[PDB]
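Engineer: Fold the following for me, if possible:
(6 chains, ligands or ions: 6)
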Amino acid sequence: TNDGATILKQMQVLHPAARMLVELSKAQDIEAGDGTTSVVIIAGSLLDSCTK
Amino acid sequence: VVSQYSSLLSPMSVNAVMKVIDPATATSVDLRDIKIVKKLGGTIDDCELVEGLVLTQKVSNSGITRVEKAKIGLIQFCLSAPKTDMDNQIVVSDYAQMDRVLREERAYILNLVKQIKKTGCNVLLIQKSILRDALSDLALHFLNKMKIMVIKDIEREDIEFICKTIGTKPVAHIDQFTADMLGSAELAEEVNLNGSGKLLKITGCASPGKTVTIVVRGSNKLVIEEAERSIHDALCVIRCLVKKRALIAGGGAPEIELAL
Amino acid sequence: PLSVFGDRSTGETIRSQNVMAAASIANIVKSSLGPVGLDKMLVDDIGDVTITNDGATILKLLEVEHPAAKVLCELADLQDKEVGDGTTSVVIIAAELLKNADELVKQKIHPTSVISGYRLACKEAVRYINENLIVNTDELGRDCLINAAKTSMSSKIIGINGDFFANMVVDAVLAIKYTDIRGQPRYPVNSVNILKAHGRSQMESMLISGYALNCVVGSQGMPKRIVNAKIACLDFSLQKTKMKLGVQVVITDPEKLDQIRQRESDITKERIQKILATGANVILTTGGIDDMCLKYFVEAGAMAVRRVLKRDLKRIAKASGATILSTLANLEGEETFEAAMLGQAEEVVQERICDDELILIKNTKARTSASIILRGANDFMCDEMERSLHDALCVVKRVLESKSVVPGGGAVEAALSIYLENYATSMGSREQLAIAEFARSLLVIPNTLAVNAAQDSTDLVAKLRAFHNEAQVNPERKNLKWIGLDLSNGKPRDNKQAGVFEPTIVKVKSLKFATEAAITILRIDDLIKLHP
Amino acid sequence: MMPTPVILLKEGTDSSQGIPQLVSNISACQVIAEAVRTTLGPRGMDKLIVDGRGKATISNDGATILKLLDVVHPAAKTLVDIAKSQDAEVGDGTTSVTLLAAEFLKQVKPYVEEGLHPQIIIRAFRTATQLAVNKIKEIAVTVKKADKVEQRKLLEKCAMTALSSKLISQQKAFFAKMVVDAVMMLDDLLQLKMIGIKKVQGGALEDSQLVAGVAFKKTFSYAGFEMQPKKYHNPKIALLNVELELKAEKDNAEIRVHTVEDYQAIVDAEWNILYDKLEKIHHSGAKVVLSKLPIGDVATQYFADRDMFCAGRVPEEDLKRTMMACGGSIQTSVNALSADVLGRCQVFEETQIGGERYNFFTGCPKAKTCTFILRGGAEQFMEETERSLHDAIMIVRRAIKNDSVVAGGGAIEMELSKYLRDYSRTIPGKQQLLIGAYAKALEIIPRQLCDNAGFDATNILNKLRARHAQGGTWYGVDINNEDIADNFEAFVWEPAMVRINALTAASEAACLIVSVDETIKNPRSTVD
Amino acid sequence: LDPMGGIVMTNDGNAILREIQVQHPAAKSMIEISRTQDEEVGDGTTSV
Amino acid sequence: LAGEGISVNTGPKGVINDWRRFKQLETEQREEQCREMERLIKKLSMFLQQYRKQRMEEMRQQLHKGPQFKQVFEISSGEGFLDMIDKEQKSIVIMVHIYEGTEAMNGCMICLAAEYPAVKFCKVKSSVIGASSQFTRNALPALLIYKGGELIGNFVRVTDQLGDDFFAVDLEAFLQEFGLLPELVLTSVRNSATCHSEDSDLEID
Ligand SMILES: Nc1ncnc2c1ncn2[C@@H]1O[C@H](COP(=O)(O)OP(=O)(O)O)[C@@H](O)[C@H]1O
Ligand SMILES: Nc1ncnc2c1ncn2[C@@H]1O[C@H](COP(=O)(O)OP(=O)(O)O)[C@@H](O)[C@H]1O
Ligand SMILES: [Mg+2]
Ligand SMILES: [Mg+2]
Ligand SMILES: [Mg+2]
Ligand SMILES: [Mg+2]
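Structural biologist: Numbers count the residues shown, from 1 in each chain, chains lettered A, B, ... in the order given. Ligands and ions are numbered 1, 2, ... in the order given. Right below this line is the structure:
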C-alpha cells in the first residue's frame, strides 16, 4: 500500500507519540479522505522544529 | 499503482460519485452508497461500473439464468414446513395422519409458491435464516417448475442496499406479497468471469436508485486491495470537493506559499 | 527511534531480495519447458509422490514463504484457471521482466519510468501480435486443431503418442460442443469425465461415446447390462420413511402401531412402484438406497445406482434428456412420475477395468456426451496423463472459441523482441530503456528451450533474431515471421507449416499477467515484517 | 541419491557443480564488491569495522576494508586477493580492481546462464585485456625533457589526485607537497622504511609536519636525565649498539677470589670497565649519545655531568633512520670511535608535542630520510591519515620510476571502452558479444563516481560516450561542476601502471572465477 | 516378517514387493508397477 | 533507602521491544507447556463372551487396501506436535503414541489407520517432548487421543490393561467400547481432478 493511514495502522508502533500520529492519520482519513501522508509528515516536521 | 489505469479509473470514480448525489443542493456524500466488489482474475483494465447491483450469491435454481424483464421480489420469511414462534410438535396416532402430514406439508408449500408466482414475480431473493430452513428442497423444486430464479442466503445488513438499488420492498409475511412490492428490472443474469468465478448482475432498473457498484479486477490479491484503496481515495477526493467546493494547485505549491 | 516490533528492510536490499525470490521460483520450473523439458517428482514428506510437468501444479504443491514468490505462484495459478496452458512461460517471463527492471532501477532509473515503459511495451506487443502474428484457423481445418493439441502435448507423458491422443482430445471436444443464445458455439470442457485406471498401455485408453460413471450397481441381483435403457435420475434417498423432527408419533391405542410401522416402509414401496410403473430401467440417485428398495429394483429386473455424484448425475441427465427430481411432487399436490422425464440411452453396461468395474452409459440420445478412460502403468503415470489431457482439452477449447493461433517455438517472442527494440526508439527518453528491457526479457523462453535441448542457445537465438529482423525489414520476406525453433535438430524452422501452434489468447494473457505481476512487485521498496 | 553402504568421500562433504555454482560465484563476487562500492571518488565515504575484541577500524582504503572482512566464500576470496595484489604492486586502485572484476562477472553472467562455454569467455577476457593494456601504453602521456620543475609538478599532481578521496582531501595540497618532498629526499631504492611516520594525538591536521631529519619519542629516561641540556647547535652524535650500565661481565662468567684485597680490586674493576667505556664515548667528541641497548642511571648521570645527552633503548628502525640522516655508523664497540663513524646534525632539540616529548634532529644537509609527524584528534583519525599518506607515497614512488600518466575520473576507461567497442564491431560475432560486455563493464568506475557524488549517472555517461566517440581522449567526470570536463587539463592525473595493473588483475580474477565449475568442501576438523 | 507379527513365506513377486517399506520414490513406482501387473492379469509379476 | 514507589514510568516505554520479544518466546513455551502438562503425571499419578467375530475381523483387516497401507506419521518437533493438534477441524480425531511391547501396538495403529481412514493415528518420540524421568522411564506406552484440542483418551501404561500379545482387533474393541472410535467400495484409482466450473452441458437453440 501507498495509503499513509493504512501504512500507519498496519504496523504497530509501540510508542505513545507514534500512536497519536496513527490516530491523526485516521482522523484525516475520516474528514478529508486523503492527504493522510502529508498530515503525518507535517506533524513530524513541526515537532522536529519544536526540538530546536 | 493504478496511475497507469487512471485513464479508465478517474472517470469511473467521478461517475460513481455523481450518480449517488444530487449535484444541486448536496452537502455530503455517503460513500456507503458506492459498493466495491473485489473479484480476483483479469487485470485492472477489466474494472467495471455496473449501475445496478452485483450479488456474490449463487443461483440455487440451476438451469435458469438470464431472466429478462425481471420482476425481482425480496422476501424475509421462510419457504419450508410450518413452524410457530413458540415450540410446537405434531402428534401422530394413526397411519392416516402419517399420510396427511406430508400431504398437507406439500399442499402448504405449493400454496406459498403459487401465491408468489401469481404476482408475476420471476426472480426471487431470499433473506438468510439460521433458525428455520429458508428454502426447502420441495420449495426449490416447485419454484423451478414455475420458472423462477431463486437466490437464497441474502445478508441481513445488505437488505437496505438492495432495496435502494432495485426498489424491492421487503416482505415478511406471504399475505402482503403483492405485485406493487416488486422491483422491475431490465435484465438479471449470472455471468462467468472467465473461470475466475461467477457474478450475478441486475442491470437496468425502472426508477433506478441512487446507488452504484464498482467491480474491481486484478491479477493478484495485493494489487486488488491497493486498487480498491486508491479508488476509495479518488472517491473521497470528489466527496471533499462536494463539501467546501474550493480548489487549489497541488505539486507542493500551497506548502511553499505557506512557508514564504 | 521508530520502535516497531519487527524487521525493516529498505532500499536496494528489499528489491534485490524480491528479485532473488522471483528468480528462485523461475528456476524451480525453468527446466520443464518445451519438448525437451523433463518432468519433476515431488514428495509430501509422508510418502505421497506426484510426478508432474505442469508448472501450476508444481508451484501449488510447493510450500513457499516469501511474498513475491507467492505472487508468482498465484500468477501461475491464475494463468492455469483463465487459460489452461502456458503456466510456466508466464512465470518465466514475469521473473525475467522483474530481474531486468531491477537492473534498470539499480542504474538509477526511477521505477515509475520502468513501469510506464513496461505498460507501453505490453500494449504494443499485444497490438502487434493481434495485427501481425495471428493465423486464422478457418483456412487450416481439423489439422489445425490436431496440431494445436499435439503442440500442447509435447513435453508431456503423452507427447510421443500425440498422433493418437490429439485425435482423442479433438473428438471429445467436438462431442461436447454446444451453442447458446445469439449462436455462439461453446465447449464446456470439464464435462468430459476423465477416469483413470492403471493397466494396459497408454494406447489402450478409450474415448467413451457416452458417459462413464465410477460407480457400480447397488445389488448383485440386478442385471449388469440393459439394452434400451430408460434412465431415471433422482435427487432423493430411497430408504425407510422417517418423519421429520417436528413430527412425533405418540400411541395411546396399541392396535395402530402395526399399521404405522407398515406404512413407514409402504410409502417408499409405493414411490418405487410409481417410478418403475412407467418403464424405467436404470435408476441413478444421489442419495442412498437401503436393502429393501434394492430388492424392489432387483425383482423388477432393473438397475439402481446409489451415491451418484451430483455433477455426474447432472451431466447424465442433460445428455440423456432426463430431469433431476428432488421430489415426486407435482403441481396438483400428488405423487406422480410421468414418462416425459425419462432419459434414454442406447445401452448401459458395467464393464470391468483392471479388476474394478465401472458403469458405461453408451450413446445417449438427444445429446452427445464424451468421457475418457486413461490406462497407464501405475497411478502416478495416470495422474500425469490426466493433467496433460486437461491442458490439451483447454488448448483445443481456446482454439475453437477464438479462431486465431500463433506460431510456436519462440517465434512470436523473437518477433516481438525485434519489433519492440525497433519501436522503443520512437517515444520517451528513459521509457525507451524500459521498453528495450521488455524486449530483451521476452527472449528468455527461446533461450530456455535451447538450453533444455543442450544446444547453442546464443547461436540459435542469434539466427532466430536475424531471421525475424530480415522479415520485418524486408517487405517481400514477410513469410519469415513463422520461423521458430526446431528442438530436435537444433536449427530454425518455419513452425507455421511444421504444425506448431498455440492459441493467441495464451500469449496475450501471459504477457498481460506477467506485466501486471512485475508491476506489482516493482512498486515495493520497503518491507516491514512484524514478529508473530 | 542412494545410501551406498560404504560412501565414497568423507561423511558431511559438500559439493556444488554446474551452472548454478558459477552463478552463485558471480553473485558472491557482487556481494563483496558492494561492500566497498561507496568508497570510490572524491565523494566516497568511510566504513567502520568493529572486530571481535571491540577495536574499530575506520578506513576508505579498499584493501583494508576487504582484509577486515573475514570473507570465507572461496570464490569471493579471489577479489580480496586481487585487492591485496594491487595494493602490493601499485599501492592505489584497490577499490577499482574489485569493482572492475565484479562488473566483468556481472556482464558475462547472462551468457553463462544461457549455457555458454567458459573457455570462450576466458579467451575473450584475455584478448580484451591485452588490447586494453596495449592501448593504455600507447595513449599514455609522457614528457621526454626530464625537467626538474615539470617532474616536481607531475609528482605533486599525481599525489593530489591520489589523496583527493580521503579525509585529508581538504589539505591535499599541503600533504601532497610534503609527500613529494619526502620521496625525492630518498636516494636510489625508495625504501619505505626510510620514511618514518609518527602519530601524535592532539592538534589540527595542518599542525602535522615533515622533519628533514629524524624524530622519535623519549625512551624511559633514568634518574638525572632532567639535568642534561636539551639543545645543541652543532652536536656530534654517537650512534651505538652498546649496553652502558653496571652488569655482569658475561652470562656464564664467575669470579673466584680468596682475599678481600682481590674482592675490592674486582669491584673497582667493574667500575673502571664502565667508566672506561664512558670515557671513550666522552673523548670521542660526541655530545649526543643514542644506544639501541639500555643506558643505565650511572651512565645517565655521568653524561649529565659533562653536559652530554643520552637516550638508551632507542628502537632499531629509528637508529637506522638516524644513521641515514645524520650520517654516522652504528657501533657495537666503543673503541674505534673515530670522527668517521660519528653522526653530525645542525640542531638537536627535545621539544614537546601534544603531551609527548620528541627528540628532533633537524638541519641534516645530506639526509637520505624523512619523518612524518602526524597530528589528529583520535587514533583512528591518525591511522587513516597514515593510510592515505601511504597511498600517496606509493603513487609518487611509482611515478618516479616512470613518469607516464593518463587522465583519471573515468576518462581513461571511457576511452578504452570506446576503443574496445570499435574493435569488437570487426569480429565474426560470438566473441563480439563478450568483448562488448567487457567494454560495457569498463564503464563501472565513472558510473560509480556519479552515483557516489549523487549525480544522474546515465546522463553523464551519455555525454561522456558522445564526447569520446567524436574525439577527445581525456574527458572524464567533473565532480564539483556537476558535469564532464577534460580531466587532463583538470590535473586529474594517474600513473598508467595503476590502470594497467588494475585491468590485468581484474581480468585474471574474472578468468579464474569463470573457469571453476565444481566446488568441493571437505568437513572441517577441530571444530571445538 | 509382517510388522503385525505375521509371517509370509512365498516366492510371488507382488507378494514379496508388497511387504517392503521404501523411501526412494523410484522404488515406490516399481512397487506400484508390480501391483498393477498383478491386478491386471494375475501373473508375470517378477518378469515385469 | 527511600522512594520505594519508583513508578518506573518512561523506563519500560523505550525498553518495551526487548520485553515483548522475550515475552513472546516465554508465552510460546508456556503454551507448549500447557499442551504437554496434561500428557504428564495427569494419568501417571494414578460363549459369546469369547468374541468369535474377533478372528473374522482379523482376516478382514489383513487385506488393508490396494495401494499399500502407509505408515504412522512420526512427529519430530514439540512445536510440530502443538500445531498438529492445532490444525484440522474439531470433529477430526487425532491419536498420539509416545515411545522410545511398543512394536505390536504400533502395528495395531498401522492396521487401524489403514482400515479407519477418518482417524489420524500418529506417533511421537518421548525424547522429542522431553517429559520427566518417571514418564520416560515407566510411562512410555500411552495411547493419547485428541479431538478438537481437548483430551478424550488419556490412557497411560497401556501394556498392562491391553496385554502384550494383543492384536489390532483387541485394541480396536478396547477403543470402541469406550465410544472413542467413530463408526465402502474400492475405486479403480481415482475419478476427481477439479470441481471449479459449473459449465457442464446445455442445448440452447
Ligand atoms: N514441437 C515443438 N517444437 C518447438 N517448440 C515447441 C514444440 N512444442 C511446444 N513448443 C514450445 O514450447 C514452449 C513450452 O511449452 P510448455 O512448457 O510445454 O507449456 P507450459 O508453458 O504450459 O508448460 C511453448 O511456448 C511452445 O511454443
Ligand atoms: N578530482 C577528481 N575528479 C574526478 N575523479 C577523481 C578525482 N580524484 C580521483 N578521482 C577518481 O577516483 C578514483 C580513485 O578512487 P579511490 O577510492 O581514491 O582509489 P581507488 O583507485 O582505490 O578507487 C580514480 O578512478 C580517479 O579517476
Ligand atoms: Mg492522495
Ligand atoms: Mg504447455
Ligand atoms: Mg584512489
Ligand atoms: Mg508366473
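
Engineer: drop to CA atoms for contacts and neighbour counts, all remaining ones
Structural biologist: Fine.

Engineer: other SSEs contacting the lengthiest helix in chain F?
Structural biologist: Longest helix in chain F by number of residues (criterion: DSSP state H): helix F:16-36. Judged by 3 or more CA pairs under 8 Å, 6 or more residues apart in numbering or on different chains; DSSP states H and E, the packing partners of helix F:16-36 are helix F:78-86.

Engineer: CA atoms only: put the longest helix of chain F into PDB for me.
Structural biologist: Below are the C-alpha coordinates for helix F:16-36, written out as PDB (Å, rounded to 0.1, in the frame of the first residue of the first chain):
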ATOM      1  CA  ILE F  16       9.400  -2.300  25.500                       C
ATOM      2  CA  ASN F  17      10.700  -4.100  22.400                       C
ATOM      3  CA  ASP F  18      13.100  -6.400  24.300                       C
ATOM      4  CA  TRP F  19      10.500  -7.200  26.900                       C
ATOM      5  CA  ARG F  20       7.900  -8.100  24.300                       C
ATOM      6  CA  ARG F  21      10.300 -10.100  22.200                       C
ATOM      7  CA  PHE F  22      11.300 -12.200  25.200                       C
ATOM      8  CA  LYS F  23       7.700 -12.500  26.400                       C
ATOM      9  CA  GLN F  24       6.600 -13.900  23.000                       C
ATOM     10  CA  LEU F  25       9.000 -16.800  23.400                       C
ATOM     11  CA  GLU F  26       8.000 -17.200  27.100                       C
ATOM     12  CA  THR F  27       4.400 -17.400  26.100                       C
ATOM     13  CA  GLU F  28       5.200 -19.800  23.300                       C
ATOM     14  CA  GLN F  29       6.900 -22.100  25.800                       C
ATOM     15  CA  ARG F  30       4.000 -21.500  28.200                       C
ATOM     16  CA  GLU F  31       1.600 -22.700  25.500                       C
ATOM     17  CA  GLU F  32       3.700 -25.700  24.800                       C
ATOM     18  CA  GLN F  33       3.800 -26.500  28.500                       C
ATOM     19  CA  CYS F  34       0.000 -26.100  28.700                       C
ATOM     20  CA  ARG F  35      -0.300 -28.500  25.800                       C
ATOM     21  CA  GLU F  36       2.100 -31.100  27.300                       C
END
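
Engineer: and the stretch 101-250 of chain C, which residues reach ligand 1?
Structural biologist: When proximity is defined as CA under 6 Å from any ligand atom, the stretch 101-250 of chain C approaches ligand 1 at C:151, C:154-155.

Engineer: same thing but at 8 Å, please
Structural biologist: Contact residues (CA under 8 Å from any ligand atom) of the stretch 101-250 of chain C with ligand 1: C:150-156.

Engineer: quick one: the longest helix of chain F to chain centroid distance?
Structural biologist: Relative to its parent chain, helix F:16-36 has a centroid offset of 24 Å by CA atoms, centre = their mean, to the nearest Å.

Engineer: Just the buried positions in that helix, please.
Structural biologist: Buried residues in helix F:16-36, counted by 16 or more other CA atoms under 10 Å in any protein chain shown: F:17, F:32, F:35-36.

Engineer: Not counting it itself, show me its contacts.
Structural biologist: For helix F:16-36, the external contacting residues (CA atoms under 8 Å, 6 or more residues apart in numbering or on different chains) are A:14, C:3-5, F:78-79, F:82, F:129.

Engineer: what do you get if the cut-off is 10 Å, keeping everything else the same?
Structural biologist: Helix F:16-36 has contacts (CA atoms under 10 Å, 6 or more residues apart in numbering or on different chains) with A:14-15, C:3-6, C:531-532, F:10, F:12, F:37, F:39, F:78-79, F:81-83, F:85, F:129-131, F:149-150.

Engineer: residues touching the closest residue to chain F within chain A, list them.
Structural biologist: Going by CA to the nearest CA, chain F is nearest to residue A:15 of chain A, at 7.0 Å. By CA under 10 Å, 6+ apart, the residues touching residue A:15 are A:21, C:1-4, F:13-14, F:16.

Engineer: cool, residue C:474 as well?
Structural biologist: C:468, C:480.

Engineer: for it, phi and psi?
Structural biologist: Here is the backbone geometry of residue C:474 (degrees, to the nearest 10): phi -90, psi 120.

Engineer: Report the separation between it and chain E.
Structural biologist: Taking CA to the nearest CA, to the nearest Å as the measure, residue C:474 falls 54 Å from chain E.

Engineer: which residue of chain E sits farthest from its center?
Structural biologist: residue E:5 (18.3 Å; CA atoms, centre = their mean).

Engineer: Name the nearest residue to that residue, ignoring sequence neighbours.
Structural biologist: Excluding the flanking residues, the one nearest residue E:5 by CA to CA, 6 or more residues apart in numbering or on different chains is residue F:104, at 7.3 Å.

Engineer: Residue of chain A closest to chain B, please.
Structural biologist: For chain A, CA to the nearest CA, closest residue to chain B: residue A:33, 4.7 Å.

Engineer: can I assume that residue is in contact with residue B:231?
Structural biologist: No - taking contacts as CA atoms under 10 Å, residue A:33 lies outside contact range of residue B:231: 11.4 Å.

Engineer: For the two, list the residues in contact with both.
Structural biologist: residue B:237.

Engineer: biggest strand in chain C by residues?
Structural biologist: strand C:343-353 (DSSP state E).

Engineer: what helices or strands is it leaning on?
Structural biologist: strand C:210-213, strand C:225-226, strand C:229-234, strand C:282-285, helix C:310-320, strand C:356-364 (3 or more CA pairs under 10 Å, 6 or more residues apart in numbering or on different chains; DSSP states H and E).

Engineer: can you list the ones you listed in CSV and add distance to residue C:504?
Structural biologist: As requested, those are exported to CSV (distance: least, CA to CA, whole Å):
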stretch, distance to residue C:504
strand C:210-213, 31
strand C:225-226, 46
strand C:229-234, 41
strand C:282-285, 42
helix C:310-320, 30
strand C:356-364, 35
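
Engineer: So which of those is nearest residue A:4?
Structural biologist: Among these, helix C:310-320 comes nearest to residue A:4, with 48.2 Å by CA to CA.

Engineer: and chain E, which residues reach chain C?
Structural biologist: E:22-26, E:28-42 (CA under 10 Å from any CA of the partner chain).

Engineer: Thank you, goodbye.
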